[PDB]
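> experimental structure and sequence below.
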Amino acid sequence: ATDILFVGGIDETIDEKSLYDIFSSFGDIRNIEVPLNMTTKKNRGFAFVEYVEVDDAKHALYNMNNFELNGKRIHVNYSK
Ligand SMILES: [Mg+2]
């Protein structure tokens, strides 16, 4: 367990704004990274969510792994 989550399988509509409003439910977010495709201006299918608190990351990972966002099932892993 770490305070940084690798999030995969995100729908093309998800950006930093929408992922913050989803993942901020679990606790204080230090940083969110959703790289954009410089051609489509859409995400590349993954993000990093960093919590202040490892306990918040653990709660987020339990609750969001295999959860469905906009009709797509997401993958949540500890990063590092
Ligand atoms: Mg930290």
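Thanks, I have the structure now. Numbering: from 1, shown residues only.

> now the end-to-end length of stretch 70-80.
One end of stretch 70-80 to the other measures 27 Å (C-alpha to C-alpha, to the nearest Å).

> pretty sure residue 78 sits against residue 48.
No: counting by C-beta atoms under 8 Å, residue 48 is not a contact partner of residue 78; they are 11.1 Å apart. C-beta coordinates here come from the backbone N, C-alpha and C atoms, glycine included.

> ok, longest helix in this protein?
helix 54-64 (DSSP state H).

> next SSE downstream of that helix?
strand 68-69 (DSSP states H and E).

> partners of the helix or strand that comes right after that following strand in the sheet?
For strand 68-69, the following helix or strand on the C-terminal side (DSSP H and E) is strand 72-73. Here strand 72-73 is paired, per DSSP bridges, with strand 68-69 (antiparallel).

> show me what the partner strand is in contact with.
With contacts defined as C-beta atoms under 8 Å, 6 or more residues apart in numbering, strand 68-69 is touched by 10, 11, 14, 22, 74.

> show me the contacts for the fourth one.
Under the criterion of C-beta under 8 Å, 6+ apart, the neighbours of residue 22 are 64, 69.

> repeat that for the third one.
When contacts are counted by C-beta under 8 Å, 6+ apart, residue 14 is found next to 34, 43, 47, 69, 70.

> the second one now?
Listed by C-beta under 8 Å, 6+ apart, the contact set of residue 11 reads 69, 70, 71, 72.

> farthest pair within these?
The most widely separated members of these, counting by C-beta to C-beta, are 69 and 71 (8.1 Å).
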